[PDB]
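Structure, as structure tokens:
Here is how names work: the chains are called A, B, and so on, in the same order as the sequence lines, proteins then strands, and each is numbered from 1.
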Amino acid sequence: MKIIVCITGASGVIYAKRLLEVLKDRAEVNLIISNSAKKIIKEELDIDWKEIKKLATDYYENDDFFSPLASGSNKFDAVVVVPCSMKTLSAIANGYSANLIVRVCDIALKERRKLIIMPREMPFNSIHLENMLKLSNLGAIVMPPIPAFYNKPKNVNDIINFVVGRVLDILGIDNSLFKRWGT
Amino acid sequence: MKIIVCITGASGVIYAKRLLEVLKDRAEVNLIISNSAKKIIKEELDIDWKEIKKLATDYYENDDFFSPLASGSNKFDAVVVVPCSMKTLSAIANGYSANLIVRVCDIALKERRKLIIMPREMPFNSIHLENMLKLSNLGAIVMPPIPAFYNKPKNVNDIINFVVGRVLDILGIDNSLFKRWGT
Amino acid sequence: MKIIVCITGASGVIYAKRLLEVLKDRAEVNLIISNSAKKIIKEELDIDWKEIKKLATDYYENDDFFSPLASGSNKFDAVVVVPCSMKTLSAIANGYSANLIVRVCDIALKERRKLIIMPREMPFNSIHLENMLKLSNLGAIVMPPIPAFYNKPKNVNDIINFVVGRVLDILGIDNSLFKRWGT
Amino acid sequence: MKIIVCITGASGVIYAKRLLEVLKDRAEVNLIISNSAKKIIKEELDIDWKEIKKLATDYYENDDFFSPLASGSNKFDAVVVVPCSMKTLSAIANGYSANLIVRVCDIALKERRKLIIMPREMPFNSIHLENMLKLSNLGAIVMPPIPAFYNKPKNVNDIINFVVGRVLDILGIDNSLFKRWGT
Amino acid sequence: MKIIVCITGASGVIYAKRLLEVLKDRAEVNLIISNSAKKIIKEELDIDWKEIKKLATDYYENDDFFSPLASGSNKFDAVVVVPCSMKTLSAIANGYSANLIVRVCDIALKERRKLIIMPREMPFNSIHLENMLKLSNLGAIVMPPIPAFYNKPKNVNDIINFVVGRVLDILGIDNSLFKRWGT
Amino acid sequence: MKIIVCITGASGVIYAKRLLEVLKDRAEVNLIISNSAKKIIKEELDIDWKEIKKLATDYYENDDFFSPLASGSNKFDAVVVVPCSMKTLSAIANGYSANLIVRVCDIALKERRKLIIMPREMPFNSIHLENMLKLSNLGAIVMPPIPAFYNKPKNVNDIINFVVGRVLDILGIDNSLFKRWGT
Amino acid sequence: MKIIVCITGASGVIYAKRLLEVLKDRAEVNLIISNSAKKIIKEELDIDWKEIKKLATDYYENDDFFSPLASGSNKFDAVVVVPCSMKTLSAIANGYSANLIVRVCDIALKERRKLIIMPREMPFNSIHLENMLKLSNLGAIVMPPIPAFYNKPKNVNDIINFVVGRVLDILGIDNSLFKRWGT
Amino acid sequence: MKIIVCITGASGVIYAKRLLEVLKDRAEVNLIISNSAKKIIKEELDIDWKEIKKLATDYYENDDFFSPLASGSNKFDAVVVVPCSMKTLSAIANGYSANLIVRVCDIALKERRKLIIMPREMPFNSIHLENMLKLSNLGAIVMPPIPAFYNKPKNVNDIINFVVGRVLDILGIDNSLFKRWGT
Amino acid sequence: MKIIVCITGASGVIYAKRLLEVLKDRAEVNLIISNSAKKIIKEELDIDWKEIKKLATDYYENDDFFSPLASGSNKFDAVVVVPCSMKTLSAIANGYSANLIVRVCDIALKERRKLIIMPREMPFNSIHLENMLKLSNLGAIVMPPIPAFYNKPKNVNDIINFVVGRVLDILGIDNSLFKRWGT
Ligand SMILES: Cc1cc2nc3c(=O)[nH]c(=O)nc-3n(C[C@H](O)[C@H](O)[C@H](O)COP(=O)(O)O)c2cc1C
Ligand SMILES: Cc1cc2nc3c(=O)[nH]c(=O)nc-3n(C[C@H](O)[C@H](O)[C@H](O)COP(=O)(O)O)c2cc1C
Ligand SMILES: Cc1cc2nc3c(=O)[nH]c(=O)nc-3n(C[C@H](O)[C@H](O)[C@H](O)COP(=O)(O)O)c2cc1C
Ligand SMILES: Cc1cc2nc3c(=O)[nH]c(=O)nc-3n(C[C@H](O)[C@H](O)[C@H](O)COP(=O)(O)O)c2cc1C
Ligand SMILES: Cc1cc2nc3c(=O)[nH]c(=O)nc-3n(C[C@H](O)[C@H](O)[C@H](O)COP(=O)(O)O)c2cc1C
Ligand SMILES: Cc1cc2nc3c(=O)[nH]c(=O)nc-3n(C[C@H](O)[C@H](O)[C@H](O)COP(=O)(O)O)c2cc1C
Ligand SMILES: Cc1cc2nc3c(=O)[nH]c(=O)nc-3n(C[C@H](O)[C@H](O)[C@H](O)COP(=O)(O)O)c2cc1C
Ligand SMILES: Cc1cc2nc3c(=O)[nH]c(=O)nc-3n(C[C@H](O)[C@H](O)[C@H](O)COP(=O)(O)O)c2cc1C
Ligand SMILES: Cc1cc2nc3c(=O)[nH]c(=O)nc-3n(C[C@H](O)[C@H](O)[C@H](O)COP(=O)(O)O)c2cc1C
């Protein structure tokens with residue numbers, strides 16, 4: 001399974017870090033990190049962004065349009081935008097593929113490949129909601145990171161693993177990352 | 001400030017508990033708890049629902065339409081639906097005021113009083129998103145509990161206090177519940 | 001009163017200069033100037049852009065996302081985009097917060113803070129008009145600089161002071177910058 | 001070139017006066033002045049409205065439906081509504097041809113003749129914007145008088161000549177009324 | 001508090017009379033009465049319309065566009081159209097400010113001032129309902145005079161005072177004009 | 001059968017004259033003639049408008065809102081607007097009942113009585129077509145006078161009788177005014 | 001000027017006959033006649049359809065897709081569908097180019113050439129009106145044959161010449177076929 | 001894999017010929033050729049249409065509704081309409097299953113089977129674009145034959161093989177028909 | 001004839017090269033090449049981008065907003081975006097004039113000058129199709145490079161000359177670049 005993981009400049013890049021490590025030995029992972037996300041990884045995770053780069057089977061710069069990912073002639077199974085900034089949510093919904101992340105999302109939509117986006121914002125305004133609705137109407141899986149608590153998390157890590165486990169659920173990847181509802 | 005806190009049957013009732021206690025001595029709080037939320041409080045917080053009832057200046061049953069809240073002739077400043085189930089999100093968006101919670105939301109909209117809803121679901125489908133968009137277009141503040149991490153939470157409690165602090169921000173209530181972006 | 005003044009690359013930056021000086025001692029003013037507007041200030045006002053920078057209580061670069069303004073956790077009262085380019089009008093209407101100006105407009109909309117935009121173009125096409133209509137429908141005050149003449153302006157300065165006085169009117173700031181209709 | 005100039009009751013009738021005199025010897029000009037505009041000409045230009053009447057090759061009263069203009073069987077090249085009141089903008093957008101001005105605009109639309117409207121209002125509300133969008137979508141040129149300043153106006157007259165020069169530009173009439181962008 | 005009371009030609013002008021007298025010493029009231037409403041006041045209240053004129057701090061004729069109210073440069077707090085004819089409901093919804101009443105409603109919408117309309121008709125058709133929906137979507141308070149009976153009215157006067165008390169409620173004016181729901 | 005015949009200022013008032021005389025002894029006919037139609041009757045039929053007035057069982061001035069027709073409490077079976085000007089088509093579609101004709105059309109729609117309109121214009125623009133579509137969607141019978149020729153008309157009179165016969169067909173009135181398709 | 005005249009199966013083919021003869025020596029006319037129109041020409045004009053065929057510079061069968069007209073690579077100035085059946089109005093509006101007539105209309109729309117349609121039906125339903133509105137919105141000239149009477153027609157021929165003269169007006173062809181409004 | 005290949009009357013039937021031969025020994029292919037496409041195969045490929053018929057595992061006439069394909073009770077995996085005429089694009093988008101091709105497309109949509117359409121036209125008008133948008137919104141893969149050149153085609157054959165290879169890509173059929181982007 | 005040729009980063013820049021050379025001595029050509037297109041010219045045409053620069057009467061950098069083209073006060077006859085990337089298609093449709101190419105397209109739309117766009121993508125998704133539909137609805141000529149084969153191309157060059165000949169057709173430029181349908 002070939003999964004494109006796209007990190008954009010919004011709070012909660014810890015979700016992307018955890019997803020990348022639970023995917024390490026279970027899927028071919030291509031990684032793209034926007035310039036804004038590089039600064040957020042540094043600020044929120046107190047590690048340099050290149051530390052995230054090594055958890056993927058391949059990495060491409062967000063401005064490297066000569067990447068093989070930038071064409072529908074090349075194939076992949078799924079895209080995960082985690083977290084998804086409001087800027088990138090807008091670009092995906094309107095087709096403004098000015099970087100590699102939005103280009104591979106636009107490719108996923110035209111080639112009918114699975115597209116998961118995790119918009120992180122609070123509150124949402126009507127522009128965010130309409131951009132999400134449009135993409136959901138086109139078959140994208142709109143999945144803002146909204147933890148539940150029926151698994152009774154004991155720490156931050158339990159919350160992160162719930163969100164990531166649900167992402168793997170949507171990807172069709174079996175996991176036991178969280179205590180499910182039936183316990 | 002008179003605030004109506006409405007707890008519906010969705011995961012994350014811990015947000016409602018924390019909001020009620022930080023509001024205890026700062027606002028007149030009226031509380032409504034749906035039957036489904038009573039079971040979720042018991043399951044997720046391992047306390048009986050009547051323990052939540054005592055944190056409010058007033059309580060009304062979700063089926064008590066003779067409550068003073070059930071009429072626009074009586075006044076309040078804000079409604080907070082936390083967490084907001086998809087069922088109640090649907091009812092508010094379509095005006096199906098079959099219980100007291102949806103009735104006071106419908107009152108808030110016709111009387112132009114502040115309405116905050118916190119829909120808790122993951123992923124969202126297009127029905128959820130359109131119901132949220134409609135309500136946001138009418139002036140409701142659509143605020144799913146989506147924690148950020150730039151405050152670097154050290155525990156579950158730091159995550160809950162971020163979400164609740166943002167709710168107080170929207171209510172216009174000064175608080176220091178979380179480390180803000182400028183630190 | 002904390003007002004964010006955003007200057008974008010469209011003709012009529014003299015409006016922004018006049019607004020900044022009548023606001024100098026009456027409000028806490030944060031200023032953002034886009035790169036395009038820096039060139040227009042130089043071309044139309046024959047002064048370097050840093051001369052405008054000093055009229056504000058604070059300045060932030062349009063690419064400084066680490067500015068405190070870039071988060072809803074921090075507070076302000078109003079945003080004024082003067083003048084508003086068609087590019088920035090598009091970005092605000094579609095949520096493409098790729099710079100600090102659009103990000104604080106998007107924040108204003110989600111946090112329900114006052115947003116004033118002054119699109120400067122002639123003629124308008126249907127894309128401009130639909131972008132303005134959408135934002136007006138969301139509660140933004142869409143205010144292209146369209147001077148009136150019932151005050152009988154004697155010079156360019158009287159025209160600029162009419163437009164700026166109307167902006168202060170919308171902000172709720174008492175002023176006598178122009179001869180009102182009742183004279 | 002036969003141009004219908006329609007003056008309605010909104011501020012800025014000086015634009016109509018200047019347009020009429022630069023058109024004097026370059027086009028066959030038919031003029032209509034609404035009753036409200038007659039009062040505004042008097043108040044803003046301190047001249048009687050009949051002084052404007054003499055600058056046209058023909059004049060018709062706004063209630064003279066027996067005018068030849070009131071039928072599509074008769075021909076013209078363009079209509080200019082300057083300035084355009086919000087009332088007349090509404091009437092044109094909804095087809096309420098209760099006077100000669102709106103009737104010749106409705107004729108222009110059905111006969112596919114050029115229609116220019118210059119709505120003068122500040123701010124615009126959503127009703128104005130939707131009425132303009134509808135007309136722009138039908139091929140009308142929606143042109144609120146929004147002066148630019150890259151020509152560095154030295155006086156009110158330079159501002160008026162910029163707006164009027166742009167109107168002549170849209171009409172296809174060569175002019176040197178303003179210093180263009182390339183200088 | 002400066003309130004514009006606008007009486008249009010629909011049945012139920014008794015509501016406007018009662019509102020004007022309960023507002024007499026509690027707000028600065030400007031009054032406009034349409035020609036049709038003058039005849040309805042005479043027919044339904046068996047008093048000459050000038051008897052209503054004296055209950056206001058100021059009066060303006062519906063055709064007096066030189067009134068200070070006819071410009072956004074002048075300020076007011078709220079407009080109440082009571083009762084609102086279907087003709088005037090249409091004009092407000094479509095922006096056809098052909099008289100002073102609709103002009104001050106259009107001003108209220110562009111200046112974001114409170115607008116209350118009380119359309120009186122039975123039944124409503126789809127044109128009425130869409131005109132009301134549009135205005136409600138723009139933030140107007142659409143308030144047809146629909147008395148309730150939980151206050152157990154003993155006479156016509158109790159019904160009129162309920163409707164008027166609710167109008168004062170929306171205006172933010174404290175009153176005891178009716179027995180509220182909580183009794 | 002009580003039929004309201006409304007003549008508005010558009011070409012083809014001969015249709016209204018012929019309809020009124022074929023209805024003379026077969027239905028109770030109430031007649032309203034707009035001021036514009038009075039001039040068109042004079043110009044196109046070379047007879048004074050009062051000659052048309054005598055063919056009806058009752059006549060009311062277009063500004064006589066005290067007419068019994070102006071209330072839904074009074075009853076009628078059908079309204080025929082023949083011919084229908086574009087101005088009146090607009091007013092009916094938008095609910096702008098500023099005269100008795102549009103008021104009785106609006107009454108017909110709310111009371112669910114039969115409404116026939118015969119818009120006379122050529123070509124139609126998109127505003128006309130949308131106004132007709134809206135009214136047709138509400139159940140009005142939109143019937144521009146478009147003669148057919150399968151009856152092989154020998155003179156103008158045969159064309160007028162075809163159009164009028166079709167109107168009687170829609171009214172449910174048996175007639176032999178034209179040679180039907182089956183001959 | 002190269003004009004495509006398309007006759008479809010609706011009443012009023014006399015309009016097409018008259019248009020073809022007034023165009024004989026003033027434009028290059030290509031003619032297409034549908035099978036249904038061939039029967040209507042015979043029934044309504046009591047002449048064989050081949051009599052109409054000779055009035056054109058070229059004729060093509062409605063099923064001859066190898067005609068040069070059937071490609072946008074070949075050029076023409078205008079299409080006139082007279083009369084336009086409801087079936088063909090539907091096909092044009094929905095793009096169902098199953099014959100040569102609809103194909104050249106679809107070509108006219110993609111190549112931005114003038115398209116005139118004359119739908120003949122009475123009354124219209126909402127399907128007709130929406131099909132006309134869509135085409136008018138795309139720039140087609142929607143022109144049902146609706147004669148006026150201000151020219152005071154003395155016979156059927158005067159009515160036919162009014163309609164045809166208006167068609168030539170829209171085509172930009174000078175004519176004196178009817179007494180215009182200014183007489 | 002059972003694939004229905006449908007050839008309609010538009011230029012570029014060479015794409016259908018090439019697709020049929022690369023599919024010969026890799027899938028069960030059912031073929032339908034419209035009458036118009038039979039003429040285009042003859043004109044553009046200078047071979048009789050029956051030469052194309054032999055490349056399929058089964059053939060059915062476009063009017064043979066007794067074909068097993070004409071019912072959803074029978075199964076297939078994918079439909080490819082190559083090339084897709086504007087007429088057939090319209091019929092599919094509107095559900096006008098008047099032949100076997102459109103019927104199996106309508107079946108594919110109701111049974112949720114893969115539907116690929118390749119509309120061939122240049123330019124497109126708004127009717128084409130809306131018909132494509134509607135079908136794309138329903139899950140059809142809208143794929144006009146638009147060759148790329150990053151594979152550096154050396155001849156017409158390289159262009160045809162790129163388009164066909166992309167079709168096989170969408171079908172999930174591995175192929176090396178073109179030099180992919182990563183070379 | 002002044003034509004703006006805009007090359008954006010999509011496959012098929014050979015179309016732009018061929019169009020520029022057939023336009024060399026027949027029109028005043030202004031050229032803009034985006035940074036992405038510069039790389040694609042190098043990769044697909046194996047020539048440096050400056051080789052394309054010399055075929056135009058003028059060249060401007062895509063970031064040179066001080067170019068005379070960047071203002072509506074300066075005039076041109078037509079814009080051709082060939083090829084049009086999905087990113088630039090999005091920007092034009094939404095008005096995001098962040099570079100000179102989109103700015104001159106936005107100018108073309110407001111000044112009602114001819115705009116031709118040639119989006120190159122396969123397949124299209126619903127975002128592409130809606131962006132094209134919107135622009136086509138505004139009067140842009142949406143012309144993806146979709147070659148036909150009725151001219152029986154013998155080589156790649158014949159395909160390129162068909163597409164370019166059709167572009168000249170839309171521009172109103174006589175050419176014999178391809179064998180037309182009538183041969
Ligand atoms: C510390 C920080 C946190 C941010 N958090 C968010 C966020 O949570 N949601 C959001 O939409 N934007 C957020 N932003 C702003 C975005 O980073 C900004 O819009 C940026 O342009 C996104 O670009 P990208 O999608 O290419 O990463 C944040 C910015 C900073 C500096
Ligand atoms: C343990 C549990 C957790 C649930 N969590 C959610 C949830 O997170 N979001 C949601 O929409 N519904 C959730 N539901 C289902 C809702 O409770 C259900 O739709 C209910 O009818 C809501 O009614 P109420 O809004 O009146 O409380 C949950 C149900 C259970 C038993
Ligand atoms: C001298 C000059 C004047 C301009 N005037 C306008 C204008 O009046 N309206 C507009 O929409 N764009 C105008 N532009 C183009 C914008 O500056 C351009 O779209 C830019 O990208 C806007 O970016 P910004 O909003 O970040 O400032 C002008 C450009 C120049 C060089
Ligand atoms: C002094 C004065 C200035 C006005 N200015 C405007 C204006 O700038 N914009 C506007 O929409 N209406 C304005 N109005 C109100 C309009 O004149 C009013 O709506 C009138 O009915 C327009 O009618 P008309 O379009 O037939 O001229 C103004 C009125 C007055 C008395
Ligand atoms: C006695 C009487 C009662 C009326 N009642 C109503 C009414 O209740 N609702 C309504 O929409 N129109 C009613 N009308 C008709 C309106 O007065 C008419 O449409 C008028 O043009 C409204 O104009 P205005 O809004 O400027 O007052 C009534 C008319 C009369 C004579
Ligand atoms: C001689 C003459 C003929 C007219 N013919 C038409 C017409 O055929 N269609 C139309 O919409 N307006 C026509 N008009 C204009 C209308 O009369 C005008 O819009 C008027 O305001 C209609 O008002 P009413 O509907 O109250 O009669 C004509 C005007 C004149 C003077
Ligand atoms: C005598 C006769 C008259 C007709 N008149 C009309 C008409 O006036 N309007 C219409 O829409 N259809 C009319 N029809 C039906 C159309 O001819 C029918 O829908 C036909 O399929 C149109 O096909 P065409 O557009 O290819 O000519 C008439 C049919 C007949 C036999
Ligand atoms: C030589 C020729 C080429 C054609 N090319 C096209 C084309 O490229 N696109 C199109 O929409 N129609 C084209 N047509 C017209 C269609 O064949 C026509 O609309 C036909 O009815 C389609 O029917 P079908 O889809 O059942 O094959 C062409 C016609 C001919 C004769
Ligand atoms: C080799 C190559 C080929 C590309 N082909 C296309 C294409 O055919 N269609 C498309 O939409 N984008 C294509 N792209 C991606 C665009 O270049 C990218 O979205 C870019 O940002 C467009 O920017 P521009 O419009 O300013 O040139 C291609 C990229 C590369 C590297």
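Here the shortest heavy-atom pairing between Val81(D) and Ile92(D) reads CG2-CD1, 4.4 Å. Across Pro119(G) and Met86(G), no two heavy atoms sit closer than the pair CB-CE, 3.6 Å. Shortest non-hydrogen contact noted between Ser126(C) and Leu133(D) is O-CD1, 3.4 Å. Heavy atoms only, all atoms of each residue included: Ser11(F) and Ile40(F) are closest at N-CD1, 4.3 Å. Between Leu129(F) and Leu129(G), the shortest heavy-atom contact is CD2-CD2, 4.3 Å. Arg120(F) and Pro147(G) make their closest contact through CD-O, 3.3 Å (heavy atoms, listed as atom of the first residue, atom of the second, distance).
In terms of modelled atom types and a separation under 3.5 Å, the side chain of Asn30(G) and the main chain of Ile4(G) share no donor-acceptor contact. Remark: side-chain polar atoms of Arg26(G) are paired, donor with acceptor, to backbone N or O of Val22(G) under 3.5 angstrom. Put simply, the side chain of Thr57(G) gets close to the backbone of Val29(G): a donor and an acceptor are under 3.5 Å apart. Judged purely by atom type and a 3.5 angstrom limit, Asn99(D) uses its side chain to pair as donor or acceptor with the backbone of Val102(D). Not a single donor-acceptor pair under 3.5 Å links the side chain of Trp181(G) to the backbone N or O of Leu69(D). For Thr8(D) (side chain) and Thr88(D) (main-chain N/O), no donor-acceptor pair under 3.5 Å exists by modelled atom type. Looking only at distances, a side-chain donor or acceptor of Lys110(D) sits under 3.5 Å from a matching main-chain atom of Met122(F). The backbone N or O of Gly95(D) lies less than 3.5 Å from no partner atom in the side chain of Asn131(F), so there is not a single donor-acceptor pair. Of the possible polar contacts, none joining the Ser136(G) side chain to the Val142(G) backbone as a donor-acceptor pair under 3.5 Å is found. Looking at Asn125(C), its side chain never comes within 3.5 Å of a backbone N or O of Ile107(I) through a donor-acceptor pair.
Looking at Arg180(G) and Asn74(D), their side chains never bring a donor and an acceptor atom within 3.5 Å of each other.
Atom NZ of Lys2(G) sits in a crowded spot, with more than 12 heavy atoms from other residues, nucleotides or ligands closer than 6.0 Å.
Annotation: side chain of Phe162(G) is not in contact with side chain of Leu177(G) (no heavy-atom distance under 4.5 Å). Residues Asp169(D) and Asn175(D) are in side-chain contact: their nearest non-hydrogen atoms beyond the backbone lie under 4.5 Å apart. When side chains are defined from C-beta on, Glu61(D) does not count as touching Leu100(D), because their heavy atoms never get closer than 4.5 Å. Side-chain contact between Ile141(I) and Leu115(I): absent, with no pair of heavy atoms (C-beta onward) separated by less than 4.5 Å. Between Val167(I) and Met143(I), some side-chain heavy-atom pair lies under the 4.5 Å cut-off. With contacts defined as side-chain heavy-atom distances shorter than 4.5 Å, the pair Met118(F)/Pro144(F) does not qualify. Residues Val80(G) and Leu19(G) are in side-chain contact: their nearest non-hydrogen atoms beyond the backbone lie under 4.5 Å apart.
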- Verdict with supporting geometry, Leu20(D) and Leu31(D), side chain to side chain contact (heavy atoms under 4.5 Å, CB included): CA-CA 9 Å; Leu20(D) 280 164; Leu31(D) 180 63; 3.9 Å; yes

- Query: After noting the C-alpha distance and the side-chain angles of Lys134(G) and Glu130(G), does the key distance pass the salt bridge (charged side-chain N to carboxylate O under 4.0 Å, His left out) rule?
  - Reply: CA-CA 6 Å; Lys134(G) 182 174 169 184; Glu130(G) 199 270 324; over 6 Å; no

- Task: Evaluate the criterion side chain to side chain contact (heavy atoms under 4.5 Å, CB included) for residue pair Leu23(D) and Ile173(D); output intermediate values, then yes/no.
- Result: CA-CA 9 Å; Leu23(D) 279 181; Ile173(D) 300 178; 3.6 Å; yes

- Item | Stepwise side chain to side chain contact (heavy atoms under 4.5 Å, CB included) check, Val82(G) with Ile116(G) | CA-CA 8 Å; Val82(G) 50; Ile116(G) 303 172; over 6 Å; no

- Output, in order, the C-alpha distance, side-chain angles, deciding distance and verdict of side chain to side chain contact (heavy atoms under 4.5 Å, CB included) for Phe124(F) and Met132(F). CA-CA 10 Å; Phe124(F) 289 129; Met132(F) 289 187 265; 3.6 Å; yes

- Task: Could you walk me through whether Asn94(G) and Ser90(H) pass the side chain to side chain donor-acceptor pair (under 3.5 Å) test, one step at a time?
- Result: CA-CA 6 Å; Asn94(G) 288 287; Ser90(H) 163; 5.8 Å; no

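Here the CD1-NZ distance, from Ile3(G) to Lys114(G), works out to 9.0 Å after rounding to the nearest 0.5 Å. The distance from the NE2 atom of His128(D) to the CG atom of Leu89(D) is 7.0 Å, given to the nearest 0.5 Å. Atoms CG and CG, on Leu138(G) and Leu109(G) in that order, are 6.0 Å from each other to the nearest 0.5 Å. Separating the CD atom in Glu121(F) from the CD1 atom in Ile127(F) is a distance of 12.0 Å, to the nearest 0.5 Å. From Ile117(D), atom CD1 reaches atom CG of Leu135(D) across 5.0 Å, with rounding to the nearest 0.5 Å. Atom-to-atom distance recorded for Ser85(G):OG and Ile7(G):CD1 is 12.0 Å, nearest 0.5 angstrom.
For the pair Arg103(D) and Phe65(D), the cation-pi criterion (under 6.0 Å, within 45° of the ring axis) is not fulfilled.
Taking the six-membered ring for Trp and the full ring otherwise, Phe178(G) and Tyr150(G) have centroids separated by 6.0 Å or more.
The pair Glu111(I)-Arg166(D) meets the salt-bridge criterion, with a side-chain N (NZ, NE, NH1 or NH2) lying under 4.0 Å from an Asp/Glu carboxylate O.
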